[PDB]
Amino acid sequence: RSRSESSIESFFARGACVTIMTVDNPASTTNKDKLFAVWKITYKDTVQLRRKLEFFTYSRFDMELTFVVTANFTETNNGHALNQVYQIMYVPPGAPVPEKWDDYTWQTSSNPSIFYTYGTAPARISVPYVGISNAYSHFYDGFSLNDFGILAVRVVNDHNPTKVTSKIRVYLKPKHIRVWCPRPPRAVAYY
Amino acid sequence: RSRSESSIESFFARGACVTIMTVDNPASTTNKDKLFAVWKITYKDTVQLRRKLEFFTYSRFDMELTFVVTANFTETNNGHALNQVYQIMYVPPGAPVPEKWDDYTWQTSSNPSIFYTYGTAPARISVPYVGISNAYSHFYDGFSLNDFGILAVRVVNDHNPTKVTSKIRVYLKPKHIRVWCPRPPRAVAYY
Amino acid sequence: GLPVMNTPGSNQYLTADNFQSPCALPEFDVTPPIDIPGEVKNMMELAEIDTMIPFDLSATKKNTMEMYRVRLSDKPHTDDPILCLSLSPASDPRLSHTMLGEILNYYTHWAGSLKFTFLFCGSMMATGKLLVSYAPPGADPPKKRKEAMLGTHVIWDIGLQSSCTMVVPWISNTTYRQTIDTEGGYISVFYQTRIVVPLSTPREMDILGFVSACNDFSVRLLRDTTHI
Amino acid sequence: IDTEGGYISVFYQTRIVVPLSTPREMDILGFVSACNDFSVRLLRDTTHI
Amino acid sequence: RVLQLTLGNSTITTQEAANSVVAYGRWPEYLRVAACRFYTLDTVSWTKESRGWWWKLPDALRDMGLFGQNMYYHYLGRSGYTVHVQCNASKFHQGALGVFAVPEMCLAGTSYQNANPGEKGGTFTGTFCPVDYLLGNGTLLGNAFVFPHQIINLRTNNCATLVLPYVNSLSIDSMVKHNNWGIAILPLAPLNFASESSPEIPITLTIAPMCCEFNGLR
Amino acid sequence: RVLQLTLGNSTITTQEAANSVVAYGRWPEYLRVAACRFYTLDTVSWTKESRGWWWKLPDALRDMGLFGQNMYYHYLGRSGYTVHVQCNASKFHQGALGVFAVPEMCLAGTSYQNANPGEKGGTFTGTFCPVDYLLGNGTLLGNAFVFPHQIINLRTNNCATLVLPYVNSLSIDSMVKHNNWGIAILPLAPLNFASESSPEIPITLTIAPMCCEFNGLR
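Protein sequence lines correspond, in order, to chains 1, 1', 3, 3', 2 and 2'. A prime marks a further copy of an entry chain.
Reading the first sequence from the start, the letters are residues 70 to 213, 234 to 280 in the entry's author numbering.
Reading the second sequence from the start, the letters are residues 70 to 213, 234 to 280 in the entry's author numbering.
Reading the third sequence from the start, the letters are residues 1 to 181, 185 to 231 in the entry's author numbering.
Reading the fourth sequence from the start, the letters are residues 180 to 181, 185 to 231 in the entry's author numbering.
Reading the fifth sequence from the start, the letters are residues 12 to 43, 58 to 134, 143 to 160, 174 to 264 in the entry's author numbering.
Reading the sixth sequence from the start, the letters are residues 12 to 43, 58 to 134, 143 to 160, 174 to 264 in the entry's author numbering.
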């Protein structure tokens, strides 16, 4: 007998990808507003984590985010580019989100930012519990969802000759989980 | 109740960019005096740090400078260049500043210099309190501003075939802050 | 050597990181500090200071000396209030500009009690009664003196004491409110009695108004929105 | 997943007796639960779209 | 044994408080008077064709006496409850009910008057009205027995009791905006009865706030 | 009070062992394990027209599990029994049964398969099948209450119990050749019931050997 692997920590704290944020190099050819990528942290997209969390009503958890950046030249053209640096900015709840590539939010002291140098160990931060409430509500029978923050991403190098696309996989691992008030689990139907 | 995040240390000691110093590779084509970049350390440019410091009259703080170097080839041409090294020289107060790329200040024992190899961890130093006075004066009602120093930057490699532009972001984080004599904060108007 | 294993997060610069760092001037003897008067150890010490509320933010009054003065006059005894001040210290344009509001704009969350302090700046001779009411959050502000009296209030006597310090309580469902959007209460001042004056003394007095955080006040989650 | 494990099974020993015009069509419900000795291991999430 | 419970100006006749489930094992508790009485709702008739019923809490008591008055004239409040379901029938009826208390019972087929029936409560359906075997949200009703529940099986018992503590992400919250509990009474087994018996038996709910406390009065 | 008796891999729900007759006052006893469990026979339906039923012992259990296996694969054996007759009915049925245990119940209208019904048991008649009021042999059934017996009178009780010791002229004997006990269940009063009640109530027998012992195994 042993019930360790069916503990909440073991059942939940498992590195799961939750998004793939794509950003292009600031190439001066015809580039759109794809120069930066923004994703509001939410578990309602990945079915695995969501279906596991909706076993329970309330919750609390730190949130370890790992970032796996993978780039490649777009054109078959004789591509050359020095090592790119990526600004991975975490925007806490209630804070403003970037609108442009050169918005002020990328220079704000509040917003913590990682400067990942390409071709190195995957970047990582550990967001704490950022809830106004004393527990993340997965279901709320009231009138006026919970804010974890936003992740914005850009390339720092600016006047680049050759285009370079890059995908940032975000491996979210909830850590120090607590969950209350179990519920019936949803079918996989409406996901 | 808890007033930790409204402590002076938490309110001030936050990594904020204060400049973006651009330097070109010593290419022998037609390059101007852009071969090196010089910036006198001053908070009077970034509004965030300035507006936070001008809450208070006097001050003292160590100054942790981090340096994020990001380069790229300028020409669409088939660009090739071995890994560049950057000399990031801190010039203390009252010392002479570089005038030329090959000035003597880059060989002076006094001036501490970092030799950052491109594609590695961001460079960093920790300037101590370098004030003649026992406190940085933000407002001085007298007759004859405070000197923190200068940061100069160059590429060390010399006879390069292909041009390579490079931006050095300077992330200043004041550490061990003390502040005296609060004041009304300025509007954002005259900044 | 000691076998190590570089983990994820290596060679990243997190602007929130707190590590040791090599000193560029390690042989330099720092100028020692002195005991200057007025060391601030915390920002809330600046929000605990009674600063003056601008009540009249009209086109003319604003950005002058008149935007702070609330003028008591002699006119038909209308039940409407002299002033009604919403308790959105961050999301109220009047309290937003106070020192408290200037410190709250730097933060996301806050919690605690406020103390408002009205101050009669009229004559030593003039006498009368104002009624300083406090509608709690969720309540629609009082429109008549009666509605205000029935709730929480203070019958301030203009004749006896020249100030009136009403302290708001900390009522919120969360442990902390937001600095942006949704209620929070209303201070509001009515005439209980039209102000009496002796001889040709002016019948147009002024009351000032101050606000400050209390010792129980606290903020968290810094949010600088300063830019150009 | 896959192989046996047993069978619960319910038979009539006696056809159900009822008094007067009471309905002769009843219902039985059935519940299941792990016991205190139960345990699982080696997590395997097969959830996808 | 016939216990005659009392709360102020109100009295209830319970056969016995034998089967009395405490939701999640926690008894109601204040934060570490008169409104806390028995409010008995309008009965609902359980027929052969019934799919279920549901009320919210504290929405069900928004109009009842002081627990309604206070619940409006305050801004924040918390309260546990004691939902007593009495389903008095003869010995010649048969059936089963599942009384389920549901924290944050967010229903789905969504606009305040829609998800706030109040005193009368809503009803389920078998195909607005949420689905019976789903509880609105896609959710097999068998697994619904995870919730704090009790089975009223007419052959053995005809009343259940549910003690509900205050369950919310917050210590205290606005009762007008946001319900905490949702009671759903669904027939596990259908009603059936002898030849010309009373063809629709009544279900009565008696709600009793416990540790009702509010701030701040206007 | 509801006792839930158990014997190995078998469980029985007795309302109460209140009326439990011990035949001739002697409890079963060995001579001075697994086979000794509850073997419940196929129920028989008691109608208005019934005359009676009868089983022998150990013949009734010749095919049941180990008490059949051993009873054949040995040569000599002895065994007491615990015949539990359950005659579950409503409160709107009426009647009486006489359960009589009969030592050496030699029946008469006589050829082994004839006097050895086995599991299903035989039946009496009122005029093969032996006569009900005679028990086959010319014998007034009233005087049949000399035998170790018990009355199942539905108005007061609906189950009887009979503990039967080993009764034979010999210490131990061949169970295949020679029965020791004979159970006969006869309606003293006829069945009757309200209008459209279940018109034939079931009688169930649960036989449990006690002090089952055999020699010598082949």
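Where is the CB? At the ideal position from N, CA and C, for every residue including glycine.
1. Using the beta-carbon count (16 or more within 10 Å), is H230 (chain 3') buried or exposed?
2. Using the beta-carbon of each residue, which ones in chain 3' are nearer than 9 Å to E74 (chain 1)?
3. Give, in chain order, every unbroken run of the beta strand (DSSP E) that is at least 3 residues long and sits entirely within the segment 95-134 of chain 3.
4. Can the beta-carbon of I110 (chain 1') be found less than 8 Å from the beta-carbon of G200 (chain 1')?
5. Ignoring anything shorter than 3 residues or poking outside the segment 79-103 of chain 2', list the beta strand (DSSP E) runs there in chain order.
6. Can you check which of these residues, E40 (chain 2), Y106 (chain 2), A85 (chain 2), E74 (chain 2), is closest to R62 (chain 2) by C-alpha distance?
7. So with CB distances below 8 Å, who are the chain C contacts of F130 (chain 1)?
8. Do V154 (chain 1') and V245 (chain 1') have their beta-carbon atoms positioned less than 8 Å apart in this structure?
9. Under three-state DSSP, which class holds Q111 (chain 2)?
10. Under a three-way DSSP split, which group does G134 (chain 2) fall into?
11. Following the continuous beta strand (DSSP E) through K264 (chain 1), name the residue where it begins and the one where it ends.
12. For a quick check, are the C-beta atoms of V268 (chain 1') and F125 (chain 1') less than 8 Å apart?
13. Can a CB atom of chain 2 be found closer than 8 Å to the CB of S203 (chain 3')?
14. Count the other C-beta atoms from every protein chain shown that fall within 10 angstroms of the C-beta of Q26 (chain 2'), then say buried if there are 16 or more, exposed otherwise.
15. Residues in the same chain with beta-carbon distance under 6 Å from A29 (chain 2), minus the five sequence neighbours each way, listed in chain order, please.
16. Looking at the secondary structure, which residues open and close the beta strand (DSSP E) in which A47 (chain 3) lies?
17. Distance check for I77 (chain 1') and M43 (chain 3), CA to CA, integer angstroms please.
18. Look at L211 (chain 3') and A206 (chain 2) and say whether their C-beta atoms are less than 8 Å apart.
19. Quick one: does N261 (chain 2) have its CB under 8 Å from some CB of chain 3?
20. I'd like to confirm the pairing. Which residues does DSSP put opposite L234 (chain 2') in its beta bridges?
21. Of the residues that make up the segment 93-120 of chain 2, which ones have a beta carbon closer than 8 Å to any beta carbon in chain 3'?
22. Ordered along the chain, which non-local residues of its own chain (more than five positions away) have a Cβ less than 6 Å from that of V196 (chain 1')?
23. Locate the beta strand (DSSP E) running through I253 (chain 2'), then write down its first and last residues.
24. Label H224 (chain 2) either buried or exposed according to how many other C-beta atoms from any shown protein chain fall within 10 Å of its C-beta, with 16 as the threshold for buried.
25. Are the C-beta atoms of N235 (chain 1) and some chain 1' residue less than 8 Å apart?
26. Identify whether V192 (chain 2') lies in helix, strand or coil by the three-state DSSP scheme.
27. Rounded to a whole number of angstroms, what is the C-alpha to C-alpha distance between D74 (chain 3) and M208 (chain 3)?
28. Going along the chain, which residues of the segment 137-158 of chain 1 sit with their C-beta nearer than 9 Å to a C-beta in chain 3'?
29. Pull up the distance between the alpha-carbon of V69 (chain 2') and that of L251 (chain 2'), whole angstroms please.
30. Got a sec: is the Cβ-Cβ distance from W108 (chain 1') to anything in chain 3 below 8 Å?
31. If distances are taken between C-alpha atoms only, which option among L25 (chain 3), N11 (chain 3), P26 (chain 3) comes closest to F19 (chain 3)?
32. At which residue ranges does the segment 95-153 of chain 1 contain complete beta strand (DSSP E) runs of 3 or more residues, listed in the order of the chain?
33. Tell me the rounded alpha-carbon separation between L263 (chain 2) and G188 (chain 3).
34. Answer yes if the segment 81-91 of chain 1 comes into contact with the segment 103-118 of chain 1, meaning at least three C-beta pairs across the two stretches below 8 Å, and no otherwise.
35. If you run the structure through DSSP and keep just helix, strand and coil, what is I198 (chain 3)?
36. How close, in whole Å, do the beta carbons of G228 (chain 2') and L82 (chain 2') come, if the pair is a contact with beta carbons under 8 Å?
If we stick to the structure as given:
1. Taking the first residue of the fourth sequence as position 1, residue 230 (chain 3') is located at position 48. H230 (chain 3') should be labelled exposed.
2. Reading the first sequence from its first residue, position 5 is the one you call residue 74 (chain 1). Within chain 3', the residues near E74 (chain 1) are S221, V222, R223, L224, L225.
3. 107-111, 114-120
4. For the purposes of this step, residue 110 (chain 1') is taken as residue 41 along the second sequence, with counting starting at 1. For the purposes of this step, residue 200 (chain 1') is taken as residue 131 along the second sequence, with counting starting at 1. Contact: no.
5. none
6. As a working mapping, residue 62 (chain 2) is identified with position 37 in the fifth sequence. Checking every option, the nearest Cα to that of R62 (chain 2) belongs to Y106 (chain 2).
7. Among the protein chains of the structure shown, namely 1, 1', 3, 3', 2 and 2', there is no chain C.
8. Indexing the second sequence from 1 puts residue 245 (chain 1') at position 156. Indexing the second sequence from 1 puts residue 154 (chain 1') at position 85. Contact flag set, yes.
9. Taking the fifth sequence and counting its residues from 1, one reaches residue 111 (chain 2) at position 86. Residue state, collapsed to three classes: strand.
10. Position 109 of the fifth sequence, counted from the start, is the residue given in the question as residue 134 (chain 2). Here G134 (chain 2) sits in coil by DSSP.
11. If you number the first sequence from 1, residue 264 (chain 1) lands on position 175. Residues 253-271.
12. As a position in the second sequence, residue 268 (chain 1') is number 179, starting the count at 1. As a position in the second sequence, residue 125 (chain 1') is number 56, starting the count at 1. In this structure, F125 (chain 1') lies closer than 8 Å to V268 (chain 1') by Cβ.
13. One-based indexing of the fourth sequence puts residue 203 (chain 3') at position 21. Interface residue, yes.
14. On the sixth sequence, position 15 is the one that residue 26 (chain 2') refers to. So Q26 (chain 2') counts as exposed.
15. Along the fifth sequence, one-based indexing puts residue 29 (chain 2) at 18. No residues qualify anywhere along the chain.
16. Taking the first residue of the third sequence as 1, we reach residue 47 (chain 3) at position 47. No beta strand (DSSP E) contains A47 (chain 3), which is instead part of the alpha helix (DSSP H) from 44-47.
17. Counting from 1 along the third sequence, the entry for residue 43 (chain 3) is found at position 43. Counting from 1 along the second sequence, the entry for residue 77 (chain 1') is found at position 8. Answer to the nearest angstrom: the Cα atoms are 7 Å apart.
18. By one-based count along the fourth sequence, residue 211 (chain 3') stands at place 29. By one-based count along the fifth sequence, residue 206 (chain 2) stands at place 160. Not closer than 8 Å, so no.
19. To locate residue 261 (chain 2), count along the fifth sequence from 1; it is residue 215. For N261 (chain 2), the answer is yes, since a Cβ of chain 3 falls inside 8 Å of its Cβ.
20. Along the sixth sequence, read from residue 1 onward, the residue named residue 234 (chain 2') stands at position 188. Answer is none; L234 (chain 2') lacks a bridge partner.
21. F117, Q119
22. Numbered from its first residue, the second sequence carries residue 196 (chain 1') at position 127. If we look at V196 (chain 1') and ignore the five residues flanking it on each side, its Cβ neighbours are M132.
23. The sequence position of residue 253 (chain 2') within the sixth sequence is 207, counting from 1. Segment 247-253, the beta strand (DSSP E) holding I253 (chain 2').
24. For this step, residue 224 (chain 2) is matched to residue 178 along the fifth sequence. Buried, since its Cβ has 16 or more Cβ neighbours within 10 Å.
25. The sequence position of residue 235 (chain 1) within the first sequence is 146, counting from 1. So no, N235 (chain 1) is outside the interface.
26. Here residue 192 (chain 2') refers to the residue found at position 146 when the sixth sequence is read from its first residue. In the structure shown, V192 (chain 2') sits in a helix (DSSP, three-state: H, G or I).
27. Residue numbering aside, residue 74 (chain 3) sits at position 74 when the third sequence is read from its first letter. Residue numbering aside, residue 208 (chain 3) sits at position 205 when the third sequence is read from its first letter. Distance between the alpha carbons of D74 (chain 3) and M208 (chain 3): 10 Å.
28. none
29. The residue given as residue 69 (chain 2') occupies position 44 in the sixth sequence. The residue given as residue 251 (chain 2') occupies position 205 in the sixth sequence. When rounded, the distance between both Cα atoms is 9 Å.
30. The residue labelled residue 108 (chain 1') in the question sits at position 39 within the second sequence. Output row for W108 (chain 1'): interface = no.
31. Mapped onto the third sequence, residue 19 (chain 3) falls at position 19. When only C-alpha atoms are compared, the closest one is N11 (chain 3).
32. 105-109, 125-142
33. On the fifth sequence, residue 263 (chain 2) is found 217 positions in, with the first residue counted as 1. On the third sequence, residue 188 (chain 3) is found 185 positions in, with the first residue counted as 1. Looking at the two C-alpha atoms, the distance is approximately 12 Å.
34. yes
35. Numbered from 1 along the third sequence, position 195 holds the residue referred to as residue 198 (chain 3). Here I198 (chain 3) sits in strand by DSSP.
36. Residue mapping note: residue 228 (chain 2') aligns to position 182 of the sixth sequence, counting from 1. Residue mapping note: residue 82 (chain 2') aligns to position 57 of the sixth sequence, counting from 1. Confirmed, about 7 Å.
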